[PDB]
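**Student:**
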Amino acid sequence: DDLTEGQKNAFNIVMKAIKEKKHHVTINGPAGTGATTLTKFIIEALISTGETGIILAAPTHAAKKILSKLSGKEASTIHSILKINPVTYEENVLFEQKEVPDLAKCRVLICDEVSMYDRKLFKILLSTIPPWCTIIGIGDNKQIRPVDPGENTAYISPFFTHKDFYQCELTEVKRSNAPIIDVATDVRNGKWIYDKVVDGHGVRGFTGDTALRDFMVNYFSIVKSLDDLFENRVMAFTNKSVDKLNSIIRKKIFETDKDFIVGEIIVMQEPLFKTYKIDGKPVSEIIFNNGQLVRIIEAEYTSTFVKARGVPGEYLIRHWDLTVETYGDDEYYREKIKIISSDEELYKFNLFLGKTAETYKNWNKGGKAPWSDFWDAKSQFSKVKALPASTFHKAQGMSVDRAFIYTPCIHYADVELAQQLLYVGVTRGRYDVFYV
Amino acid sequence: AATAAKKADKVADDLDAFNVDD
DNA sequence: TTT
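From first to last, the protein sequence lines stand for chains A and G.
Under the entry's author numbering, the residues of the first sequence are numbered 4 to 439, in order.
Under the entry's author numbering, the residues of the second sequence are numbered 248 to 269, in order.
1) Within the 8 Å Cβ cut-off, does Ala-255 of chain G reach chain A?
2) Please report whether the beta-carbon of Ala-249 of chain G lies at a distance below 8 Å from any beta-carbon of chain A.
3) So with CB distances below 8 Å, who are the chain A contacts of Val-267 of chain G?
4) Please confirm if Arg-253 of chain A has its CB atom under 8 Å from at least one CB of chain G.
5) Entirely within the region 292-321 of chain A and at least 3 residues each: give me those beta strand (DSSP E) ranges in chain order.
6) Can you find the residues in the same chain that come closer than 6 Å, C-beta to C-beta, to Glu-348 of chain A, ignoring five residues on each side of it along the sequence?
7) Is it right to say residue 2 of chain A is buried, meaning 16 or more other beta carbons lie within 10 angstroms of its own, or is it exposed?
8) What residue range is occupied by the uninterrupted alpha helix (DSSP H) comprising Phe-355 of chain A?
9) Based on DSSP bridge pairs, tell me the residues matched to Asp-324 of chain A.
10) Verify the CB distance criterion: does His-27 of chain A have a CB-CB separation below 8 Å to chain G?
11) Using a Cβ cut-off of 8 Å (strictly closer), state whether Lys-261 of chain A contacts chain G.
12) Closest Cβ-Cβ distance between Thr-410 of chain A and chain G: below 8 Å?
13) What residues in its chain sit with their C-beta under 8 Å from that of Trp-195 of chain A, if we drop five residues either side in the sequence?
14) Could you tell me which of A:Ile-113, A:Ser-74, A:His-64 sits nearest to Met-18 of chain A, measuring between CA atoms?
15) What three-state label does DSSP hand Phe-276 of chain A in the structure shown?
16) Under 8 Å, do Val-96 of chain A and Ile-84 of chain A count as touching if we go by C-beta distance?
17) For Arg-236 of chain A, count neighbouring C-beta atoms within 10 Å of its own C-beta (all shown protein chains included) and say buried if the count is 16 or more, exposed if not.
18) By Cβ distance below 7 Å, which residues in the same chain neighbour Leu-232 of chain A in space, the five residues on each side in sequence not counted?
19) Would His-414 of chain A be called buried (16 or more neighbouring beta carbons within 10 Å of its own) or exposed?
20) Does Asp-261 of chain G come out as helix, strand or coil in the three-state DSSP assignment?
21) For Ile-268 of chain A, I'd like the list of residues in its chain whose CB is within less than 8 Å of its CB, leaving aside the five on either flank, ordered along the chain.
22) Under 9 Å Cβ-Cβ, which residues of chain G neighbour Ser-244 of chain A?
23) Please determine, among A:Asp-324, A:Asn-292, A:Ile-408, the residue with the shortest C-alpha to C-alpha distance to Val-265 of chain A.
24) Using a C-beta to C-beta distance shorter than 8 Å, which residues of chain G count as neighbours of residue 446 of chain A?
25) With a threshold of 7 Å on Cβ separation, who are the neighbours of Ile-290 of chain A within its own chain once the five nearest residues in sequence on each side are excluded?
26) Does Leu-425 of chain A get closer than 8 Å to chain G when you measure Cβ to Cβ?
27) Using the beta-carbon of each residue, which ones in chain G are nearer than 8 Å to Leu-215 of chain A?
28) For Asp-263 of chain G and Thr-394 of chain A, what's the separation of their Cα atoms in angstroms?
29) Where DSSP assigns a beta bridge to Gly-142 of chain A, which residues make up the other side?
30) Which first and last residues belong to the alpha helix (DSSP H) in which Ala-389 of chain A is found?
31) At the level of alpha carbons, what is the spacing between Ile-147 of chain A and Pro-315 of chain A?
32) Helix, strand or coil, according to DSSP, for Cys-114 of chain A in the structure here?
33) Using the beta-carbon of each residue, which ones in chain G are nearer than 9 Å to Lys-247 of chain A?
34) Tell me the rounded alpha-carbon separation between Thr-210 of chain A and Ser-250 of chain A.
35) Where do the ends of the alpha helix (DSSP H) carrying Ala-406 of chain A lie?
36) Indicate whether at least one CB of chain G lies closer than 8 Å to the CB of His-414 of chain A.
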């Protein structure tokens, strides 16, 4: 009940706004301010009092767990709740089946990790909420600005600037000496590096001749082929830098040169849709969401005939066929996916999708153009990535024990994404953080 | 020797062709 | 550079 002023202030302002009708609330407590702590009191107090319609949300699949495992009431993705909009946005289209209590009959709407919302998601949200579902968010205004490829405006999520969403800020850190907190507090002010060694479980980097050797021989010492690397994380900016890293990691952890090995755990990059045809109208059920961890069962490198109507000849696509089983806490499903592991041949599938456009960009050789086999073929494949090495953009919302960093690929990052990359770059490892 | 540009490239190339695996 |  007794916390710093911000936490003693934030809880009441939230309640005095949703007990009242019209105010909209967001809270911005950065690292150290105990935002994950402050969210709890908002929940355990409310479930004891007569305020119903309390529903919880998440922007991604990663952050869904660390809340529903933190609170005790079921959470969901912000998409799943609000008339799911898939990887490509839509409305009122249900894919999963969970009897999800997204009835839009709610006095309270909560969503954490508000540092990832583009405009496209907020406008749907406002057009969705009833006249009695007040929005109470909590996040970090200095984390990575939302990815919007369609706007040259380097803008942070609208959950801070919006009129109704008048936000309170937390300002005072409590843990009287944390080597990490003392780092990410200055990095949000634009200083971006230094070394601080306290108690042996802290932040330290590597330079000199054997910059990566000593840094890598520190990595492989922390994780000696453990195959338990969910808590030891390397994080990089580019996709070019990453696919080098997990390759090096694998050849030592999983001794082979194959891009994939049986019994290995991999992380997805797209929602695997299992699409059925009924009465001539398509439907869909999501099997594996974006961030959902899954395991491999059988590996084989094969080929496939690719074809589209109105297009001459046959094209040569070589890809993987891999059976996959569900890992962790989610429900157990088992189906198979197609993945191409060759930049040399990733181009060969784009040209099929490339030359096909011209045919459909004008297919006047009888009536209307058959756009089915364009998406019917593109929805065959998927994108994945290894678990030990994930990018900086996708490694958020989950705190790991020991963290690793790679700097040289961050020159191309501008001045404003940089500090939001290092803030999220340092804050992931709870205790130990190693960089280069 | 304030060459934060080159020192980031020295580390960039050593990742490009990392040492002969052990 | 970014999903």
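Idealized CB from N, CA, C, for every residue including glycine.
**Tutor:** Straight from the coordinates:
1) yes
2) no
3) Within 8 Å Cβ-Cβ: nothing; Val-267 of chain G doesn't reach chain A, min ~11 Å.
4) no
5) 296-309
6) In its chain, beyond the 5 residues on either side, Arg-321 have a beta carbon closer than 6 Å to the beta carbon of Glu-348 of chain A.
7) Look at the range of chain A in this structure, 4 to 439, and you will see that residue 2 of chain A is not part of it.
8) Unbroken alpha helix (DSSP H) run through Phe-355 of chain A: 346-364.
9) A:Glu-303, A:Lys-341
10) no
11) no
12) yes
13) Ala-421, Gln-422, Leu-425
14) A:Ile-113
15) strand
16) no
17) buried
18) Within the same chain, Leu-232 of chain A has close Cβ partners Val-226, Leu-390, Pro-391.
19) exposed
20) helix
21) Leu-296, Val-297, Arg-298, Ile-299, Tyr-330, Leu-390
22) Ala-259, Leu-262
23) A:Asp-324
24) The question about residue 446 of chain A has no answer, for chain A in this structure spans 4 to 439.
25) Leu-275, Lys-277, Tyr-336, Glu-338
26) no
27) Correct list: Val-258, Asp-261, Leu-262, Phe-265.
28) 17 Å
29) A:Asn-31
30) First-last for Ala-389 of chain A: 387-389, but that is the beta strand (DSSP E), not the alpha helix (DSSP H).
31) 45 Å
32) Of the three classes helix, strand and coil, the one that applies to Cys-114 of chain A here is strand, per DSSP.
33) Neighbours of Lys-247 of chain A on chain G, chain order: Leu-262, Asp-263, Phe-265.
34) 22 Å
35) It is not in any alpha helix (DSSP H) - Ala-406 of chain A instead sits in the beta strand (DSSP E) that spans 403-408.
36) yes
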